[PDB]
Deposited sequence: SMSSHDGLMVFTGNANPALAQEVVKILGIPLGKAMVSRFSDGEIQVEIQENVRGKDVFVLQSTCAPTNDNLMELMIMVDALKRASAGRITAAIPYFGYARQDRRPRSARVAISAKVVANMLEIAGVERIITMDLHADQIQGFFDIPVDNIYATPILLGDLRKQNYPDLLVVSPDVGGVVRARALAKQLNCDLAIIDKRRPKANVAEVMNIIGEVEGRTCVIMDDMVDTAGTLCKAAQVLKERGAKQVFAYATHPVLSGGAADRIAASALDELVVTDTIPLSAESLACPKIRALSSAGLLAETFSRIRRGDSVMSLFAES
């Protein structure tokens, strides 16, 4: 019953997922017409099958979302038994509210509604930006943590004298949790009119952990501030390597020693040319989730 299809966002990652699952990748043309409208054709029988669609909605965001939307409709109309959208990086997640009642959209909610009306029956996502996005859906949402992958690597590196750093006074909650888990010290960076650091950073190898890195502006600003307070090294772990706005070259010039990321969003040719950026494989964690959910489907 289990089938897996992919869009163009992450096709290599999907091949690794099905490899582990011991199944072939479902065949589909996912392409464009001459005018740039999305052309999709499911090129095998999906009738009554349990279908997973692996497509992060990373850049180009709207294209990847519409690829997903259209694939879902084709699968629905071809009478798939069940449709799951596996969206490791969730595009528009950062637009989850209207700050100070600004006349903006709650885009994460539009996307939620979009997927539901296309006929998506459940969501799998990774390190979702805000827990509250789960309530934008009236269908089941499974949010998986890539923390094991990242902590796995950080441990292999055996850094002395490890210290977790919270870049801002947001995730102090989560930074203490990480520091408790590796039982090391915690330091916090903040700006009161980035100036203040509480906890001495002097002899420390500092580590920063995040859901995503975008421009890398925060990571790189934090890293300097740490080397300015004597830090030996600064390392950044992040699940989703968005890496827009000349981030790779900003990283290249920074006080940051290394950026470790997941392969949810494949690396640019620029990023692959950047020795400070290194990827880890999220495929095993994805396959394990697909298998747990599949087990549930065969209960009834």
Missing CA stretches, deposited numbering from 1, N-terminus first: 1-6, 200-206, 314-319
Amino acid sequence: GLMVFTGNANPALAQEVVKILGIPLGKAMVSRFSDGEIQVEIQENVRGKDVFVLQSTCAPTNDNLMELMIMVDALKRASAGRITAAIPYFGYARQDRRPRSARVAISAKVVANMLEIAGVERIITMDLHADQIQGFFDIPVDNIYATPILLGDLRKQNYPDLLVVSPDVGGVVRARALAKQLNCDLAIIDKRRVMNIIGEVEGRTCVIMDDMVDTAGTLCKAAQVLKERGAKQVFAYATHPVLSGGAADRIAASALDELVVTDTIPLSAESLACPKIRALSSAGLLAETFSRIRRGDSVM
From here on, numbers count along this sequence of modelled residues.
Averaging the C-alpha B factors as listed in the entry, name the stretch that ends up higher: 227-235 or 240-248. 227-235
Stretch exceeding the other in mean C-alpha B-factor - 194-202, 126-134: 194-202
Looking at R97, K221, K109, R77, which has the highest Cα B-factor in the entry? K221
Selection by C-alpha B-factor (highest) of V141, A105, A187, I144: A187
In terms of its chain's C-alpha B-factors, the third that includes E121 is the lowest
Could you tell me which third, lowest, middle or highest, the C-alpha B-factor of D153 occupies within its chain? middle
Could you look up the Cα B-factor of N183 in the entry and say which third of the chain it sits in: lowest, middle or highest? highest
How does the C-alpha B factor of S101 compare with the rest of the chain: lowest, middle or highest third? middle
Once the chain's modelled residues are ordered by C-alpha B factor and cut into thirds, is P275 in the lowest, middle or highest one? highest
